[PDB]
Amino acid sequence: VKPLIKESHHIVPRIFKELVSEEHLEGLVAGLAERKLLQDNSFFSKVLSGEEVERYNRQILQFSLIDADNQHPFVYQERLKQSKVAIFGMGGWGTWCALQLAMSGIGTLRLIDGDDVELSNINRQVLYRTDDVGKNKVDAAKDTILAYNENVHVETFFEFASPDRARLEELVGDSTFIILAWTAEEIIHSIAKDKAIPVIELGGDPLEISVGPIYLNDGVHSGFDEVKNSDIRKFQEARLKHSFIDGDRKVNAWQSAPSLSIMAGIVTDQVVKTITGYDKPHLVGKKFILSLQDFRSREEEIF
């Protein structure tokens, strides 16, 4: 037993005693450290590398700070490397999630997108650089993802999500987590329910963002189905339904980087808490809504 006062905090066990005089009282400080302030470095991981433990170090101290699940700090990092996350959009919120997940040591990224990089994507889509223009988005994403973290394995699917139940189970494949917005959404949710895969939603704009509920899909939780069934409101409703009278005028969606990174950050944090259990995740059954104008927020229960 070797007292590692958790490298987060500023200020043999038999070794410190003998080195000190050079017993219950030191025994007293060591033990009372069981108030979750002490490490037992005596454990090394049989999965993670020398490089990885170094690279993942500063967040590993963070898992160990809360240690909700009572594990050695690498076990948490282990639960990320064992994870497989599928992302069904690869511009907007999609590249920021991919980015921050790869940086965090997520095991696998399954990326799905049928688009290609345009110069107008560069202001907000963080995985694509000026020289990536003209590439297919998923190819650029993987290229970029591995330059950041070479231990992340990336599976890329150059296609859109069609409402084909046979194709989606292939696209979902053996995922451990799913990230998506807002029938194809519904077919996936269903796939997710069948394979017991946690699913997190999200969506919004520069004025206000939300990071939708988590569905654990372990059983013992409500699941997607249960949720399935001048007014500032009516034009809200009409817009999400895409009914626009634009005609031959070409109108584009107004988006910029700040709003995406905020929800992408809320999303990645919540996903990391779920996978690892280093701390409890708020967003199970809740929707967090935050104005980016006046910073008022609110919660929504789904179950």
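Numbers for residues come from their place in the sequence shown, where the first is 1.
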Count class of deposited residues lacking coordinates, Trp182 to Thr183: 4 to 9
Of 105-113 and 217-225, the one with larger mean CA B-factor: 217-225
Comparing 24-32 with 53-61, the one whose average Cα B-factor in the PDB entry is higher: 24-32
Highest-ranked of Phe157, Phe74, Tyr148, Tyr128 once sorted by CA temperature factor in the record: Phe74
Member of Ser230, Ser175, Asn136, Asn121 with the greatest C-alpha B factor (per the PDB record): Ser230
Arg165 - which third its CA temperature factor falls in, relative to the rest of the chain: highest
B-factor third for the C-alpha atom of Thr274 within its chain: lowest
Where the record places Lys84 (Cα B-factor, split into thirds across the chain): lowest
Third of the chain's Cα B-factor distribution that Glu78 belongs to, per the entry: middle
Among modelled residues of the same chain, the CA temperature factor third for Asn41: highest
